[PDB]
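Consider the single chain below, provided in structure tokens and representing the form deposited in one PDB entry.
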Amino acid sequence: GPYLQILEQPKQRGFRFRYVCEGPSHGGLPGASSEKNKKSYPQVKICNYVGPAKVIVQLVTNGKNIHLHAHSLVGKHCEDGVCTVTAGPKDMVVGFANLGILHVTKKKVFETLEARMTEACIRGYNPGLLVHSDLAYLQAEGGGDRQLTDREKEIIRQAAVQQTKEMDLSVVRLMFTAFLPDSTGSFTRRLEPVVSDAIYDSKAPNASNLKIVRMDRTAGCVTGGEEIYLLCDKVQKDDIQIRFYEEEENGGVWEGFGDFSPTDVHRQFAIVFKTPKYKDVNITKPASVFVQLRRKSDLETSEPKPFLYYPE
């Protein structure tokens, strides 16, 4: 059958959700595989090349229950929260270059929310499972501003209140949807939608890219128990640990961790810890290994840093 598919998931980390006040031109959600200055970008593709096509995209929550997030896609042909493109041309692979993610203020969550839920009802291209399942019966059909039943408009202002209460603004997702040509030339032939990989705001201390900026010492005795001052980027004194590791022949399974309490974390930008005892305190030649910052929550790490172990 005819279905949609994604060719390059959105890079999950390293992007900051810009507030309105922040201002224009700050960046734009990068393509997961932007290994270099290859300026990557997300790209969806319709399998059953149905000549003319219409593919849209709206941001969504990352919890168990998929819903409409309050943040909105700003870049590209993105209007009133969601982006829209065309696929009629020579191919069936749409892309999405340059289009930041606007961060909404907390007070304005409920507002923007209900306003992007109602809009999801008086606007076809928006499903009816992101606003409330009991409304799916509203899928893509016609256009033109009108008033939604006051019987159903209430449950709309009700879903908002119940979905505003636990909305996490530090993470959002992409909800790709493709509509094909119908019988009256109205792109309303909906194809199974597909959500992307969770995008994390490079500003929430618990999803920011970790990094060792410098250490006062890069070598220590295999005996361990040596104090070391390490300077890093924003981190959280309760969700951080310093891991030392080595990749041996039988697959580097050895690791050790810097010893330290949270009071040893200075204003989130520095950590003073004690080196962990190396595996073999009997070596006769220095043993070079690696040190890295690792978030205890998502087990995400920083660029490994070389650390030398020398005989006692």
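Each residue number is its position in the shown sequence, starting from 1. Take the two forms, find the largest set of C-alpha atoms that superpose within 1.5 Å, and that set is the rigid core. Shifts are known only where both forms have a C-alpha.
As recorded in the PDB entry, 16-24 is the stretch of 295-303 and 16-24 with the greater mean C-alpha temperature factor. Looking at mean Cα B-factors across 278-286 and 46-54, the upper value is held by 46-54. Among 210, 242, 230, 129, the highest C-alpha B-factor recorded in the PDB entry belongs to 129. In this structure the maximum Cα B-factor among 101, 104, 155, 215 is found at 155. In the deposited entry, the Cα temperature factor of residue 123 places it in the highest third of its chain's modelled residues.
Ranked by Cα temperature factor within the chain, residue 68 sits in the middle third according to the deposited record. Ranked against the other modelled residues of its chain, the C-alpha B-factor of residue 238 as given in the entry falls in the lowest third. Ranked by Cα temperature factor within the chain, residue 145 sits in the highest third according to the deposited record. Per the deposited record, the Cα B-factor of residue 59 falls in the middle third when ranked against the other modelled residues of its chain.
The discussion below concerns the form deposited in another entry, not included here.
Fit the rigid core and compare the CA positions between this form and the one not shown: of 191, 104, 113, 240, just 240 moves by 2 angstroms or more.
Inter-residue distance, residue 232 to residue 12 (Cα): increased by at least 3 Å in the other entry versus the depicted form. In the other entry, the CA atoms of residue 238 and residue 71 move farther apart by at least 3 angstroms compared with the shown structure.
After superposing on the rigid core, the stretches of 3 or more consecutive residues whose C-alphas move by 2 Å or more between this form and the one not shown are 88-90, 124-128, 142-147, 205-312.
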